[PDB]
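Asker: Before anything else, here's the structure in question.
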Amino acid sequence: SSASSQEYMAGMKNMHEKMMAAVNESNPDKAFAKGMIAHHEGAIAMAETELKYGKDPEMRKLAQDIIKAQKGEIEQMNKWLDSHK
Amino acid sequence: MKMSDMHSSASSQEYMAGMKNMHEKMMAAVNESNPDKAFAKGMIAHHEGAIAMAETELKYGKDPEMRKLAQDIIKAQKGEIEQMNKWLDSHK
Ligand SMILES: [Cu+]
Ligand SMILES: [Cu+]
Ligand SMILES: [Cu+]
Ligand SMILES: [Cu+]
Ligand SMILES: [Cu+]
Numbered sequence: 032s033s034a035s036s037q038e039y040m041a042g043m044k045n046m047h048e049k050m051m052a053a054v055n056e057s058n059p060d061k062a063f064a065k066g067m068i069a070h071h072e073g074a075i076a077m078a079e080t081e082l083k084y085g086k087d088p089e090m091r092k093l094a095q096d097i098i099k100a101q102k103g104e105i106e107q108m109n110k111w112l113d114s115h116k
Numbered sequence: 025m026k027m028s029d030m031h032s033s034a035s036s037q038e039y040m041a042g043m044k045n046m047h048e049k050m051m052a053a054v055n056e057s058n059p060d061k062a063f064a065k066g067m068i069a070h071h072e073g074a075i076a077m078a079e080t081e082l083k084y085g086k087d088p089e090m091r092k093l094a095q096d097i098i099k100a101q102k103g104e105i106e107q108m109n110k111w112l113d114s115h116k
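Here the protein sequences come in this chain order: A and B.
For reference, each letter of the first sequence is one residue, going 32 to 116 in the authors' numbering.
For reference, each letter of the second sequence is one residue, going 25 to 116 in the authors' numbering.
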């Protein structure tokens, strides 16, 4: 019960850590890439927690979709960073 | 290395603002006991952060690929926000 809230909270504080290190970036394109990647990783964590503790099928469906999509956009921003600035 | 660079640009400030806003709303959303409801409220606040970060990118960003992604992200996140919003207004 409260175990779900902590797992949610753990993924959040995890995302906050990396997102903090990405906004001190000066180049706003690099800041968007690094920040949204950490932000997207937060979605995946929050979605995986829902798959563990969630009971509602519609939301568990959305969580599965969110994991698939965010992972995709993440690999794009990663490739964008390996080539740019 | 430069001392006057010890202050953030406007773009970094807007990015910082969107984070502090997203964290606040997400904090108030994990207070849910029901994890399905917690996922909905939390991902909504989390998704709104994506929109803010993408809007900040559209305001200050120059790279075409990333500007396109920011545009798409705003569309998709808003849609999924509407889904979770209706899900919250309909499920108990
Ligand atoms: Cu994201
Ligand atoms: Cu200041
Ligand atoms: Cu917090
Ligand atoms: Cu999100
Ligand atoms: Cu490029």
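C-beta atoms are modelled at their ideal positions from N, C-alpha and C, and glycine is treated no differently.
1. DSSP three-state call for A:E56: helix, strand or coil?
2. Would you grab the beta carbon distance between B:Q101 and B:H71 for me? Rounded to a whole angstrom, and I think it's under 8 Å.
3. For A:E104, which residues of its own chain have a beta-carbon under 7 Å away from its beta-carbon, when the five flanking residues on both sides are left out?
4. Are there three or more Cβ pairs, one per stretch, closer than 8 Å when the segment 90-99 of chain B is compared with the segment 64-82 of chain B?
5. Sorry if obvious, but does the Cβ on B:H47 come closer than 7 Å to a heavy atom of ligand 3?
6. Using a cut-off of 8 Å between C-beta atoms, extract the partners of B:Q95 located in chain A.
7. Which chain B residues are close to A:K86, counting only those with a beta carbon under 9 Å from its beta carbon?
8. Below 8 Å on the Cβ atoms is my contact criterion, and I expect A:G73 with A:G42 to pass it. Report the Cβ-Cβ distance as a whole number of Å.
9. Please tell me whether B:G73 has its Cβ less than 8 Å away from any Cβ of chain A.
10. Classify B:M51 as buried or exposed, calling it buried when 16 or more other Cβ atoms lie within 10 Å of its own Cβ.
Answerer: Result, derived from the coordinates:
1. coil
2. 4 Å
3. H71
4. yes
5. yes
6. Here the premise fails: no neighbours, minimum Cβ distance about 12 Å.
7. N58, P59 and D60
8. 6 Å
9. yes
10. exposed
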